[PDB]
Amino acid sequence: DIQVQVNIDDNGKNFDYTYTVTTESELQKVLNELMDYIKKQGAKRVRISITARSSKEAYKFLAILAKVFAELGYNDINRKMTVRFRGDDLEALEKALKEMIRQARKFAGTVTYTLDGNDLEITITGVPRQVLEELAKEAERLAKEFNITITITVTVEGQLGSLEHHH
């Protein structure tokens, strides 16, 4: 249901792990554990990905990543989104692609994509949080219009910021 992937770069070494969880509450408990660790041990850089089933959750997950970095005094240095569609009608899949990437380029975003069999993957970078929220809306919209399943991954990468900026 909900998948959260964490990369912690503690320079010279590197740690990756993933939990799958079913509620927002279990999600929060993973993030709390990670905040405690960061507060107490630090890191050169941290990357967090959360995979939603809907645009409402994606919106919520982006707001949750924001509080996480705020609390840590981390600067949001990097954000992206991966939409994954899956379908049997190739033609429907290719229509979803055509429109998904038009919209993203319309908001000055850069896209990357791969189509393989039933699975279709689109990564969007270089746009502010506000846009990724819209493009999630659009993605869910398109998934419904073409009757294809959909995944939404929001990804944030940050590092510890200035004392002055946190204040």
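Sequential numbering from 1, following the sequence displayed.
- As listed in the deposited structure, the average C-alpha B-factor of 138 to 146 and of 60 to 68 is greater for 138 to 146.
- Between 8 to 16 and 151 to 159, it is 8 to 16 that carries the larger average Cα temperature factor according to the deposited entry.
- Of all the options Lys29, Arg45, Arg105, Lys40, the entry's greatest CA B-factor is assigned to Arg105.
- Across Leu34, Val131, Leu120, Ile124, the entry's maximum B-factor at the CA atom is seen for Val131.
- For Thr82, the recorded CA temperature factor ranks within the lowest third of the chain's modelled residues.
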